[PDB]
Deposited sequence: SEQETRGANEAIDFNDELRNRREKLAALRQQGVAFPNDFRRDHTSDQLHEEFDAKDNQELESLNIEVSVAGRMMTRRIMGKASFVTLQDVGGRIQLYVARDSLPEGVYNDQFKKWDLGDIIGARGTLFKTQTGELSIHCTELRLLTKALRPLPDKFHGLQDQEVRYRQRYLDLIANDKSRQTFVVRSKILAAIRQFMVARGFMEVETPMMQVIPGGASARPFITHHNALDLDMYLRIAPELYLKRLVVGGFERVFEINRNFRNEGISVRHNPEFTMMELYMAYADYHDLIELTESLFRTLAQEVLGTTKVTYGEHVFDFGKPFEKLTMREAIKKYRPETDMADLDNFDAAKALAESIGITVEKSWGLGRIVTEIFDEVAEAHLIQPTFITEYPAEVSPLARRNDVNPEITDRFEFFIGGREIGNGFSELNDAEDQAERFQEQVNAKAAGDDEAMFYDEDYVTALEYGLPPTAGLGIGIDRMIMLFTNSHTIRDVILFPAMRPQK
């Protein structure tokens, strides 16, 4: 109880003493190895080899454990690569260091050491220190379950599983770039501040640029800019960056999230389906070492094709008692939708209602990697219209673990059609839809110069990271998740 406050007092008093001796916070010690490197290279050698090899190394990190056994002590040092053992002896270090310094330090303190490698009796790699210093005094002792997100630094210091998740996240992004670049895609950077937001249907965050006295929006998606680049000639482009949506926090929603959008000219959604399946198979293999991934109580085989259903088949499959003819009549669909709890807004049309039914009925059940095709035109203002049925577009979305992971389609390169769909969106907004798109005249103009037939795909990177790290909340894969005040 008060033992924590005495820890704080003791640390402040120890620091006060450092201040009297000179510069309490130096920046001089230099290491030449991290724990992971030492283990990788020497774990395999026995004390005989290490003895004859007589290798001296320098490390630095946090003092996680210390066991003082008189004139000798054993310490666990934790650095960016992991942990390494230190053997600290009074007569191995310079005079007075052991008793006047080392013993006065505290767990959590950042220290630096230089010594010779050897293996303990237990067979562990250890460093027989010949030099040891205090680099940074820790004024606070080593660390709801919301603290993990409120003070991510404590979570990273304490939980190796959490560290691993974020290291894997970095590995995945690097692997995605390598995968895309290998296919001739070029990474670009489009605006995050837009006067006219678009590319998706969402409530945007709004701000003000004083210099131009201009109201602006944080981008909800880079889609319209990326397609402008394809018109410009960058026929294989991708962007992996933040999107912002003014909506509430959830187990799979963060106000700002990372997404990858890619566009490849002279391709259709079928090509995106193949790319998606290859990306997941490649990432699982390259990053996890296997194509079979364990997530919760399930196993995803990214080595076999994703399942594929139309939106209606998914609805019929998860609500078998559904009279499919109901989805063809506005009144029947509206009634059906409401019967299952969906509040049908005045602006909604049949296509929107059917899509909403799909969300309510099937989304949660798409556990194994699944592609859902035939999205209604009403909810896809930027997607290419299907050749045989104009009411649907050549678009799909894919789900894994009951969550939507991606969205893709053959792009709409028909300027006149696009302008009309933008007008419908404007009417919708006027009829109450706060997520309807804004009319973008310059985008239409770009399409008039000519956009090659193209296929674009958007993938939620955070949602994807969850599947590769067995995380069941998006808050576990975002270093600093948005939190309630």
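- request: Just jot down which stretches of the deposited chain sequence have no CA coordinates, in the order they come.
  value: Those stretches are 1-10, 154-160, 503-504, listed in order.
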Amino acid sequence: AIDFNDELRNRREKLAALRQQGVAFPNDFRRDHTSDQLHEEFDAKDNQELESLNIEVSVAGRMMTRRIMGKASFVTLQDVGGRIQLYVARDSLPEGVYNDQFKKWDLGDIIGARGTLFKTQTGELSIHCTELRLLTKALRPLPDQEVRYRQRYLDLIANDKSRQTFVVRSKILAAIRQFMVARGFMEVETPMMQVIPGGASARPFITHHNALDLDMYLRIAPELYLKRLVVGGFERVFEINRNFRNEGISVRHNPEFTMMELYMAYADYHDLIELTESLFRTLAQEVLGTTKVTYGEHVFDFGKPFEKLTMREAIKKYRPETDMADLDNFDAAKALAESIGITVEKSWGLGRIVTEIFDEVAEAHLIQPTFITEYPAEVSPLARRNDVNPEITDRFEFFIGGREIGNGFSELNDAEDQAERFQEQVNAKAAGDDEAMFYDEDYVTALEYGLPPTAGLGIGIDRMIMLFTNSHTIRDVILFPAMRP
From here on, numbers count along this sequence of modelled residues.
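- prompt: Are coordinates for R252 absent from at least a third of the other PDB entries that model its neighbours?
  reply: That residue is missing from at least a third of the other compared entries.
query: Which of the two stretches, 190-198 or 260-268, shows the higher mean Cα temperature factor in the record?
result: Here the higher of the two C-alpha B-factor means belongs to 190-198.
task: Quick one: say whether 456-464 or 419-427 has the higher mean Cα B-factor in the deposited entry.
output: Higher mean C-alpha B-factor: 419-427.
- request: Would you mind checking which of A60, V57, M63, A446 has the top Cα temperature factor in the PDB entry?
  value: In this record, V57 carries the highest C-alpha B-factor of the candidates.
- prompt: If you check the C-alpha B-factor for each of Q101, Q368, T393, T343 in the entry, which is highest?
  reply: Of the candidates given, the C-alpha B-factor peaks at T343.
message: Split into thirds by Cα B-factor across the chain's modelled residues, where does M437 land: lowest, middle or highest?
response: For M437, the deposited C-alpha B-factor lands in the highest third.
task: Among all modelled residues of this chain, ranked by Cα B factor, put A24 in the bottom, middle or top third, i.e. lowest, middle or highest.
output: Top third by C-alpha B-factor.
Entry-reported Cα temperature factor of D155, expressed as the chain third it lands in: It belongs to the lowest third of the chain when residues are ordered by C-alpha B-factor.
field: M69 by Cα B-factor - lowest, middle or highest third of the modelled chain
entry: CA B-factor rank for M69: middle third.
query: Going by the entry, which third of its chain does the Cα temperature factor of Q121 land in?
result: It falls in the top third of the chain.
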